[PDB]
C-alpha cells in the first residue's frame, strides 16, 4: 500500500552496500566443522523421524541498516531507498578443488585415487527485499519432529506435505528456519525478488560460476525496485554445495558464503 512517486537522480541519489552471509549448514561457528552439517542420520520410518540439531541446513538472513533520509517522518512525502540492481556471488568456490582432506577415495577398495570431493544436491537461492522474505511452510514428511533450536510449525499435519494456505511464515532470524521446512511464498513477496535452483542427487557434480561482471536488475514490471521499509534492506540465501563423504562413508552438508552488492536510489513515496 505504498504510493510510489518520482525517482530522485542527483550525484547523491544512489548508494551501494556490500554484504556477506555465511552459510548455516548446522555445525556451530568458531569450531572445527564450521561450514558443514553434522553427519547425517536417516530415520527407519516417517513415524519415528526426528532429525537432530546440526544435521540439516537453515536459511541465512540479515537486515542491513541504510542511511535514514527523512528529517521529518510527518511530511506529506518521504524518501525511501529503492533497490534497483544487485551483484551476488557464491564465494570460496576455489576450496572445492581440495580432493585430499579426509575424503572417501575414488578407488576405496584399492586405498587409491583422489578424494571424491563434494558431490550431491545443490540448493542455491537468494532474495533481496524491503522487508523479510515471506515463507510457505512445506515438508517432505509432516511427522518429522524438528529440534527445539529450529523455527518450524509444530504438528503441521498431512496438508503440510503439499500447499496449505494456513502455513505461512517470514524469515525473521538467521540460522534457525530449516531449508527443508520453508520456501519462498509466491502469494506474497510483492516487495522482494527471490531466485532459486535445486539440483538433486548424491553423486551429482556441483556446478558453480563466479564473476564480478554480472548485474541483476531488481525493478518490477512497473519499474519499481524493492522499497526498504524503516530503511532496512533484507538479504536472505541458502547455498548447499553438496555432501562431504568421510572414509567411513559418513556424509555431511557443505555450504559456501554468499556476497551481495546492492545498488539503491532515493524514491519519493506518499506519506
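Numbering follows the first chain given and starts at 1.
Visitor: Using the B-factors recorded in the PDB entry, average over the C-alpha atoms of 130-138 and of 103-111, then report which stretch comes out higher.
Guide: Per the PDB record, 103-111.
Visitor: For the C-alpha atoms alone, is the average B factor greater in 251-259 or in 11-19, going by the entry?
Guide: Here the higher of the two C-alpha B-factor means belongs to 11-19.
Visitor: Just to confirm, going by the entry's C-alpha B-factors, which of 236, 245, 202, 37 comes out highest?
Guide: Answer, based on the entry's C-alpha B-factors: 202.
Visitor: Sorting the chain's CA B-factors, does residue 184 end up in the lowest, middle or highest third?
Guide: Within its chain, residue 184 is a lowest-third residue by C-alpha B-factor, going by the deposited values.
Visitor: Comparing residue 225 with the other modelled residues of its chain, is its CA B-factor in the lowest, middle or highest third?
Guide: Middle third - that is where residue 225 ends up once the chain's C-alpha B-factors are sorted.
Visitor: Within this chain's modelled residues, let me know which third the CA B factor of residue 71 belongs to: lowest, middle or highest.
Guide: Answer is highest: the recorded C-alpha B-factor places it there.
Visitor: State the tercile, meaning the lowest, middle or highest third, of residue 82 with respect to the CA B-factors recorded for its chain.
Guide: Its C-alpha B-factor belongs to the lowest third of this chain's values.
Visitor: Sorting by Cα B-factor within the chain, modelled residues only, which third would residue 172 end up in: lowest, middle or highest?
Guide: Middle third of the chain for residue 172's C-alpha B-factor.
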